[PDB]
Structure formats: structure tokens, C-alpha cells
Amino acid sequence: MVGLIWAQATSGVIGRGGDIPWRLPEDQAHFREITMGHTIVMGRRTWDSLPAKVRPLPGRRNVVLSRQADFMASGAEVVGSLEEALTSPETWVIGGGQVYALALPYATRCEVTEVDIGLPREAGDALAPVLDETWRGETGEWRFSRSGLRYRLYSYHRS
Ligand SMILES: NC(=O)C1=CN([C@@H]2O[C@H](COP(=O)(O)OP(=O)(O)OC[C@H]3O[C@@H](n4cnc5c(N)ncnc54)[C@H](OP(=O)(O)O)[C@@H]3O)[C@@H](O)[C@H]2O)C=CC1
Ligand SMILES: CN(Cc1cnc2nc(N)nc(N)c2n1)c1ccc(C(=O)N[C@@H](CCC(=O)O)C(=O)O)cc1
């Protein structure tokens, strides 16, 4: 089972200038809840973006995709292809735009956080993959975060 987990603005934007363009700590808690105890797969840029205090993310087997020979990621497994990355039975792909695109075909679950923020797409932005009709979804109720942003969770699946 390969799942993808991401937080996106309603417009599909998930990253800009190498960072996530909003603050929503409740989404980080959700992320932890979903991924804890499992293998997580991320692109090298997503690895770089992790704050040092949680790089690697604790309690999870961190796997980082890179095309670089001896890319160095302490506390993580560096791999050069998706096949070497997606070997675990319960894998969560945690970003970024490139890796979500790459991994979507291997996925059977998506855990999406929609952030109700006006953020029109700009050239060069990292974007969420677009889910077609092979996916069945369940939409959660809107919630307000302490940051003032409304947000909701979506759980998608396909067999
Ligand atoms: N809102 C959210 O939920 C999340 C948002 N993000 C955001 O996403 C952005 C980063 O996304 P993006 O720029 O797309 O980068 P990625 O994190 O997807 O990393 C891309 C890197 O992964 C490696 N890579 C890609 N394809 C392959 C392949 N086929 N084989 C081997 N290595 C491969 C390369 O590493 P190399 O260059 O080393 O070869 C490439 O540069 C940031 O802005 C981040 O904040 C990230 C996670 C979650
Ligand atoms: C930059 N980044 C990538 C990140 C952020 N939010 C996401 N949110 C979702 N829904 N999905 C992702 N893949 C995702 N990835 C980060 C930054 C911090 C932590 C982080 O501190 N996390 C702690 C928990 C912290 C909290 O519980 O507020 C964890 O143990 O998972 C996670 C990912």
C-alpha cells in the first residue's frame, strides 16, 4: 500500500519558494498521526525543506529520492529510483510536487488537507497532483485553525 499525503491551497498550490506558503500546525499534527510508525518517501527538495529538528522525521523510516551519486541525508535512506523507494508495504509519499507526480500511479490512498486560502497559482509553484475518477473520496467538515484559516481533510482511495 502506497499512499500520498499533502496539504494544498484550494488552487492546488502546495509549495512556493521552497516552502509551504501558510502556517497550519493542526495539519502537521494530522500528518504525524497518519505517517507515524511507517516508511515515508520524499524528494530531495522536500528533505532539504524539513526543519533540522525533525530531519529525519522521528519514528518513521525516512527515504529520500535523489539522482545524485552520494547525496548525503543523515538518518535517512537515499535511493535513486521510485522502485527502490516504494518497497515497503505501508509507504507514505510526503512530497514534493515532482515526487507526488511520480508516485501517484503507484498509489491507492491519498490523505489531503485543503486549506481555504486565496492563493492563485504562480509559475514555478509546486502543485498537488490532480485526482481523476479512479478515486473515491470522503470529504471532512471544514474546521478553523488557530491561525484563522479554514481547512478540511479528504480521504481518497482506489483499489
Ligand atoms: N504542502 C505540502 O503538503 C508539501 C509541500 N511541499 C513543497 O514542495 C516543494 C518541493 O517540491 P519539488 O520542487 O517538486 O521537489 P521534490 O521534493 O519532489 O524533490 C524533487 C527532487 O527529487 C529527486 N527526484 C525527482 N524525481 C526523481 C527520480 N525519478 N529519481 C530520482 N530522484 C528523483 C531529485 O533530487 P536531486 O535534485 O537531488 O537529484 C529532484 O530534484 C517545496 O516548496 C515544499 O515546501 C513538500 C511536501 C509537502
Ligand atoms: C515541511 N514539512 C513537510 C510537510 C508539512 N506539512 C504536510 N502536511 C501534509 N498534510 N502532508 C505533507 N506531506 C506535509 N509535509 C514538515 C515540517 C514539519 C513537520 C513536523 O514537525 N512534524 C512533526 C509533528 C508536529 C506537530 O505535531 O505540530 C511530525 O512528527 O510529524 C512535518 C513536516
# chains A, B, ... in the order shown; residues from 1 in each chain; ligands from 1
call {"tool": "residues_near_ligand", "arguments": {"ligand": "ligand 1", "cutoff": "7 Å", "atoms": "only C-alpha atoms and all ligand atoms", "output": "VMD selection string"}}
result
chain A and resid 5 to 8 14 to 20 42 to 47 49 65 to 68 71 80 to 82 94 to 100 102 126
call {"tool": "write_last_selection", "arguments": {"atoms": "N, CA, C and O atoms", "output": "compact mmCIF listing (two decimals), in the first residue's frame"}}
result
# COMPACT_ATOMS: atom_id res chain seq x y z
N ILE A 5 0.30 11.87 0.91
CA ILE A 5 -0.29 12.80 1.89
C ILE A 5 0.25 14.21 1.61
O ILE A 5 1.45 14.40 1.44
N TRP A 6 -0.64 15.18 1.48
CA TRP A 6 -0.22 16.56 1.21
C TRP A 6 -1.29 17.57 1.71
O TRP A 6 -2.44 17.19 1.97
N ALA A 7 -0.89 18.84 1.82
CA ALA A 7 -1.78 19.94 2.22
C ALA A 7 -1.70 20.92 1.04
O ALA A 7 -0.60 21.25 0.57
N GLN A 8 -2.85 21.28 0.50
CA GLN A 8 -2.90 22.22 -0.62
C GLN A 8 -3.87 23.35 -0.41
O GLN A 8 -4.84 23.23 0.33
N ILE A 14 0.96 23.80 -3.35
CA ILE A 14 1.45 23.12 -2.16
C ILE A 14 2.81 23.69 -1.73
O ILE A 14 3.22 23.54 -0.58
N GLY A 15 3.50 24.41 -2.61
CA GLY A 15 4.80 24.96 -2.26
C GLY A 15 5.17 26.14 -3.12
O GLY A 15 4.74 26.23 -4.28
N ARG A 16 5.95 27.05 -2.55
CA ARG A 16 6.40 28.27 -3.25
C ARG A 16 7.69 28.75 -2.62
O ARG A 16 7.78 28.84 -1.41
N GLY A 17 8.69 28.99 -3.47
CA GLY A 17 9.98 29.45 -2.99
C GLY A 17 10.65 28.46 -2.06
O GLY A 17 11.41 28.83 -1.16
N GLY A 18 10.32 27.18 -2.26
CA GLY A 18 10.89 26.13 -1.44
C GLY A 18 10.25 25.87 -0.09
O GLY A 18 10.75 25.04 0.65
N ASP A 19 9.14 26.54 0.21
CA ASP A 19 8.46 26.38 1.50
C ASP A 19 6.96 26.20 1.27
O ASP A 19 6.45 26.44 0.17
N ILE A 20 6.25 25.85 2.33
CA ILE A 20 4.79 25.71 2.28
C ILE A 20 4.32 27.13 2.64
O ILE A 20 4.64 27.63 3.71
N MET A 42 10.20 10.84 0.23
CA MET A 42 10.14 12.23 -0.17
C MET A 42 11.24 12.55 -1.18
O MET A 42 12.27 11.87 -1.24
N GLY A 43 11.02 13.59 -1.98
CA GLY A 43 12.02 14.04 -2.93
C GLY A 43 13.09 14.77 -2.15
O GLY A 43 12.89 15.19 -1.00
N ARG A 44 14.25 14.93 -2.76
CA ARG A 44 15.36 15.58 -2.06
C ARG A 44 15.05 17.02 -1.61
O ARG A 44 15.51 17.46 -0.53
N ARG A 45 14.29 17.76 -2.41
CA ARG A 45 13.97 19.13 -2.02
C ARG A 45 13.09 19.14 -0.78
O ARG A 45 13.23 20.01 0.07
N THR A 46 12.15 18.20 -0.71
CA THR A 46 11.30 18.12 0.47
C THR A 46 12.17 17.81 1.69
O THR A 46 11.97 18.39 2.72
N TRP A 47 13.13 16.91 1.55
CA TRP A 47 14.05 16.59 2.64
C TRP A 47 14.74 17.88 3.12
O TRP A 47 14.72 18.20 4.33
N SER A 49 13.85 20.89 2.87
CA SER A 49 12.88 21.79 3.49
C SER A 49 12.48 21.42 4.92
O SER A 49 11.84 22.22 5.59
N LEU A 65 14.52 10.45 -2.26
CA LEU A 65 14.85 10.19 -3.66
C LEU A 65 15.77 11.28 -4.15
O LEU A 65 15.47 12.47 -4.01
N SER A 66 16.86 10.88 -4.81
CA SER A 66 17.80 11.84 -5.36
C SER A 66 18.49 11.18 -6.53
O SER A 66 18.64 9.96 -6.57
N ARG A 67 18.85 11.99 -7.53
CA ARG A 67 19.57 11.44 -8.68
C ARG A 67 21.07 11.54 -8.44
O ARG A 67 21.85 10.99 -9.21
N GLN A 68 21.45 12.23 -7.37
CA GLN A 68 22.84 12.40 -7.01
C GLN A 68 23.48 11.19 -6.35
O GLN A 68 22.98 10.66 -5.33
N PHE A 71 24.32 11.44 -2.43
CA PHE A 71 23.67 12.60 -1.80
C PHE A 71 23.73 12.21 -0.33
O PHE A 71 23.60 11.02 -0.01
N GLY A 80 17.82 6.05 -5.61
CA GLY A 80 17.86 6.73 -6.90
C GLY A 80 16.72 6.47 -7.86
O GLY A 80 16.70 6.98 -8.98
N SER A 81 15.77 5.68 -7.43
CA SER A 81 14.63 5.38 -8.27
C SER A 81 13.42 5.13 -7.38
O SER A 81 13.55 4.85 -6.18
N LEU A 82 12.23 5.24 -7.97
CA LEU A 82 10.98 5.03 -7.27
C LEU A 82 10.85 3.59 -6.82
O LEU A 82 10.34 3.31 -5.73
N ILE A 94 5.43 11.82 1.02
CA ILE A 94 5.15 13.09 1.68
C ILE A 94 5.61 14.34 0.94
O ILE A 94 5.67 15.43 1.52
N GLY A 95 5.94 14.27 -0.33
CA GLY A 95 6.20 15.30 -1.14
C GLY A 95 7.53 15.10 -2.05
O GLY A 95 8.26 14.21 -1.86
N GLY A 96 7.92 16.08 -2.91
CA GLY A 96 7.08 17.25 -3.15
C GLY A 96 6.28 17.12 -4.42
O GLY A 96 5.83 16.03 -4.75
N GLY A 97 6.13 18.22 -5.15
CA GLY A 97 5.38 18.20 -6.41
C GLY A 97 5.84 17.15 -7.39
O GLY A 97 5.03 16.40 -7.93
N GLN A 98 7.16 17.04 -7.58
CA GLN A 98 7.71 16.06 -8.51
C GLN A 98 7.44 14.64 -8.08
O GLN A 98 7.04 13.80 -8.91
N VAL A 99 7.72 14.36 -6.81
CA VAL A 99 7.55 13.02 -6.31
C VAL A 99 6.10 12.57 -6.25
O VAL A 99 5.83 11.39 -6.45
N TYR A 100 5.18 13.48 -5.96
CA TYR A 100 3.75 13.14 -5.95
C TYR A 100 3.35 12.70 -7.36
O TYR A 100 2.62 11.74 -7.54
N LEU A 102 5.28 11.50 -9.72
CA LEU A 102 5.95 10.24 -9.98
C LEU A 102 5.25 9.07 -9.31
O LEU A 102 5.05 8.02 -9.93
N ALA A 126 5.06 24.55 -6.65
CA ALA A 126 4.94 23.10 -6.57
C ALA A 126 3.41 22.95 -6.45
O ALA A 126 2.74 23.73 -5.75
call {"tool": "select_by_dssp", "arguments": {"residues": "chain A", "states": "strand (DSSP E)", "output": "ChimeraX atom specification"}}
result
/A:2-9,13-15,39-43,61-65,76-79,91-93,109-116,126-127,136-139,143-144,150-157
call {"tool": "atom_distance", "arguments": {"atom1": "atom 26 (C, counted along the ligand's line) of ligand 2", "atom2": "atom CA of residue 26 of chain A"}}
result
6.8 Å
call {"tool": "select_by_dssp", "arguments": {"residues": "chain A", "states": "alpha helix (DSSP H)", "output": "ChimeraX atom specification"}}
result
/A:25-35,44-49,82-85,97-103
call {"tool": "write_last_selection", "arguments": {"atoms": "N, CA, C and O atoms", "output": "short mmCIF file (atom, residue, chain, number, x, y, z; two decimals), in the first residue's frame"}}
result
data_model
loop_
_atom_site.label_atom_id
_atom_site.label_comp_id
_atom_site.auth_asym_id
_atom_site.auth_seq_id
_atom_site.Cartn_x
_atom_site.Cartn_y
_atom_site.Cartn_z
N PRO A 25 -0.42 24.47 12.01
CA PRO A 25 0.10 23.45 12.92
C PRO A 25 -0.80 22.21 13.09
O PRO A 25 -0.30 21.11 13.23
N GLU A 26 -2.11 22.38 13.02
CA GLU A 26 -3.04 21.26 13.14
C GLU A 26 -2.83 20.28 11.98
O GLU A 26 -3.07 19.08 12.13
N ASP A 27 -2.45 20.80 10.82
CA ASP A 27 -2.18 19.92 9.69
C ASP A 27 -0.91 19.11 9.95
O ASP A 27 -0.80 17.95 9.54
N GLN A 28 0.05 19.70 10.65
CA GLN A 28 1.26 18.97 10.98
C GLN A 28 0.98 17.83 11.94
O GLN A 28 1.57 16.74 11.84
N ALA A 29 0.03 18.06 12.85
CA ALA A 29 -0.35 17.04 13.82
C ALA A 29 -1.00 15.87 13.06
O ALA A 29 -0.74 14.71 13.34
N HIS A 30 -1.87 16.20 12.12
CA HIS A 30 -2.57 15.22 11.28
C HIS A 30 -1.54 14.40 10.49
O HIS A 30 -1.63 13.17 10.41
N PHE A 31 -0.57 15.10 9.91
CA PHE A 31 0.50 14.48 9.14
C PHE A 31 1.22 13.44 10.01
O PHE A 31 1.40 12.28 9.60
N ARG A 32 1.54 13.84 11.24
CA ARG A 32 2.22 12.97 12.20
C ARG A 32 1.37 11.75 12.49
O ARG A 32 1.87 10.61 12.46
N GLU A 33 0.09 11.98 12.76
CA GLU A 33 -0.87 10.92 13.05
C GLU A 33 -0.92 9.93 11.92
O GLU A 33 -0.97 8.74 12.18
N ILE A 34 -0.94 10.40 10.68
CA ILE A 34 -1.02 9.47 9.55
C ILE A 34 0.28 8.70 9.30
O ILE A 34 0.28 7.47 9.18
N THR A 35 1.40 9.39 9.31
CA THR A 35 2.69 8.79 8.98
C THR A 35 3.48 8.06 10.07
O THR A 35 4.30 7.22 9.75
N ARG A 44 14.25 14.93 -2.76
CA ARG A 44 15.36 15.58 -2.06
C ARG A 44 15.05 17.02 -1.61
O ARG A 44 15.51 17.46 -0.53
N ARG A 45 14.29 17.76 -2.41
CA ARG A 45 13.97 19.13 -2.02
C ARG A 45 13.09 19.14 -0.78
O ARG A 45 13.23 20.01 0.07
N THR A 46 12.15 18.20 -0.71
CA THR A 46 11.30 18.12 0.47
C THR A 46 12.17 17.81 1.69
O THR A 46 11.97 18.39 2.72
N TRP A 47 13.13 16.91 1.55
CA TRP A 47 14.05 16.59 2.64
C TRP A 47 14.74 17.88 3.12
O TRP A 47 14.72 18.20 4.33
N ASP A 48 15.33 18.63 2.18
CA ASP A 48 16.01 19.89 2.49
C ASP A 48 15.13 20.86 3.23
O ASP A 48 15.59 21.56 4.13
N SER A 49 13.85 20.89 2.87
CA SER A 49 12.88 21.79 3.49
C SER A 49 12.48 21.42 4.92
O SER A 49 11.84 22.22 5.59
N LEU A 82 12.23 5.24 -7.97
CA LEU A 82 10.98 5.03 -7.27
C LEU A 82 10.85 3.59 -6.82
O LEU A 82 10.34 3.31 -5.73
N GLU A 83 11.29 2.67 -7.68
CA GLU A 83 11.24 1.24 -7.36
C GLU A 83 11.97 0.90 -6.03
O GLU A 83 11.46 0.11 -5.24
N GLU A 84 13.15 1.49 -5.80
CA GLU A 84 13.91 1.24 -4.57
C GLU A 84 13.24 1.94 -3.37
O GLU A 84 13.37 1.50 -2.22
N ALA A 85 12.56 3.05 -3.66
CA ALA A 85 11.87 3.85 -2.64
C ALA A 85 10.56 3.24 -2.15
O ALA A 85 10.27 3.23 -0.95
N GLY A 97 6.13 18.22 -5.15
CA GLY A 97 5.38 18.20 -6.41
C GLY A 97 5.84 17.15 -7.39
O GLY A 97 5.03 16.40 -7.93
N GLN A 98 7.16 17.04 -7.58
CA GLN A 98 7.71 16.06 -8.51
C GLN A 98 7.44 14.64 -8.08
O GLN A 98 7.04 13.80 -8.91
N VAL A 99 7.72 14.36 -6.81
CA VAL A 99 7.55 13.02 -6.31
C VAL A 99 6.10 12.57 -6.25
O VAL A 99 5.83 11.39 -6.45
N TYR A 100 5.18 13.48 -5.96
CA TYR A 100 3.75 13.14 -5.95
C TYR A 100 3.35 12.70 -7.36
O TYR A 100 2.62 11.74 -7.54
N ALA A 101 3.83 13.43 -8.36
CA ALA A 101 3.53 13.14 -9.76
C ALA A 101 4.06 11.75 -10.13
O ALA A 101 3.36 10.93 -10.73
N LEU A 102 5.28 11.50 -9.72
CA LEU A 102 5.95 10.24 -9.98
C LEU A 102 5.25 9.07 -9.31
O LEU A 102 5.05 8.02 -9.93
N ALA A 103 4.90 9.24 -8.04
CA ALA A 103 4.30 8.19 -7.25
C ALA A 103 2.80 7.94 -7.37
O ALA A 103 2.34 6.86 -7.02
#
call {"tool": "closest_residue", "arguments": {"among": "A:115, A:131, A:89, A:3", "to": "residue 151 of chain A", "atoms": "only C-alpha atoms"}}
result
A:115
call {"tool": "closest_residue", "arguments": {"among": "A:55, A:38, A:143, A:61", "to": "residue 73 of chain A", "atoms": "only C-alpha atoms"}}
result
A:55
